[PDB]
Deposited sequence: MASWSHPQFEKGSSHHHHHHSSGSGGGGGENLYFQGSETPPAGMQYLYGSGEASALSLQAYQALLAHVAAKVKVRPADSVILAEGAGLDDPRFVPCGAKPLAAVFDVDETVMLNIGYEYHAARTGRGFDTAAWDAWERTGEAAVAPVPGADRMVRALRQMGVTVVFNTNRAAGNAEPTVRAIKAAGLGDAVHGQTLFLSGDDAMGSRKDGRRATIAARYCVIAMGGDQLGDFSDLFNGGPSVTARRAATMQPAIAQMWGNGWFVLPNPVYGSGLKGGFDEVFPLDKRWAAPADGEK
């Protein structure tokens, strides 16, 4: 029995490991450049801004920070995905149990513990913005600690689903973070970890086109830093016609 190809890739391969280390190398160099030369804009979009003409919450004199998604961005949910592979199960009740009892089965995303330590040695505050539930803040704090990612504090450096009434939408929390910090880098494994504009409607092919809108494309590896996730979530959608465009079809002999 072998696990699903996506988990073999994400959890088992050196390919995925190298991909993640590249992401954090680029982030560390970017942060270091902006620690020496503070920017005028943060990397968080302003309220009402669109992807075509992005405007950003200004950096100002606010303390420097970096924002991170938690799950499959800085922390691997190994125990949970093991159970999903064993069971074949989108199990919301199981995920709730996992938020409460998974602190002993998490690992850092390759390079994320070293990157988080370097950021703090540079004087940059490490802020987590995750859709784990607010009522599970304390076990989530302990899991973050167990992955070697340091100390997170609910409401100061850790923001969770249910901290506002926006549900899985993260823009509201992003606005709260950007109102007190100059956010000079932002990491995630899902497009919703950078803007809610990618979700809540857009099709699979529309979301992929939107990442190549030039004013948005310039962010990738240059303020917005992406970690791989072919195991669950927004990337795992679309029928044959959205995945394989009709001008690129072919059949073997």
Where the deposited sequence has no C-alpha coordinates (positions from 1, in order):
1-37, 127, 292-296
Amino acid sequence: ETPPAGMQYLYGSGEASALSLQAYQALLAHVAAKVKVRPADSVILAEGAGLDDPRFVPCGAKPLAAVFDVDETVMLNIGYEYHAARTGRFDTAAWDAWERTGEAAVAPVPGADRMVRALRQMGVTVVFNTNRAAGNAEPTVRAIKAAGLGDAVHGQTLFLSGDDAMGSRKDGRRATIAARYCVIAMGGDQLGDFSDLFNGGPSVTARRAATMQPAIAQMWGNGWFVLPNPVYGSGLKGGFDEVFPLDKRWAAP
From here on, numbers count along this sequence of modelled residues.
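Here, rigid core means the biggest group of C-alpha atoms that superpose within 1.5 Å across both forms.
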With everything overlaid on the rigid core, name the stretch, 46-54 or 66-74, whose CA atoms wander farther on average in 4 other deposited structures of this protein.
46-54
Identify the stretch, either 46-54 or 202-210, whose C-alpha atoms have the larger mean B-factor according to the entry.
46-54
If you average the Cα B factors in the entry, which is higher, 4-12 or 243-251?
243-251
Going by the CA temperature factor in the entry, name the top one among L197, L27, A33, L227.
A33
Between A179, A107, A165, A134, which one tops the list for C-alpha B-factor in the PDB entry?
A179
For the chain shown, is the CA B-factor of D151 in the lowest, middle or highest third of its modelled residues?
highest
Using the B-factors in the PDB entry, rank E138's C-alpha atom against the chain and give the third, lowest, middle or highest.
middle
Taking only the Cα B-factors deposited for this chain, tell me whether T130 sits in the lowest, middle or highest third.
lowest
Using only modelled residues of the chain, where does the Cα B factor of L76 rank: lowest third, middle third or highest third?
lowest
Entry-reported C-alpha B-factor of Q218 relative to its chain, by third, is highest
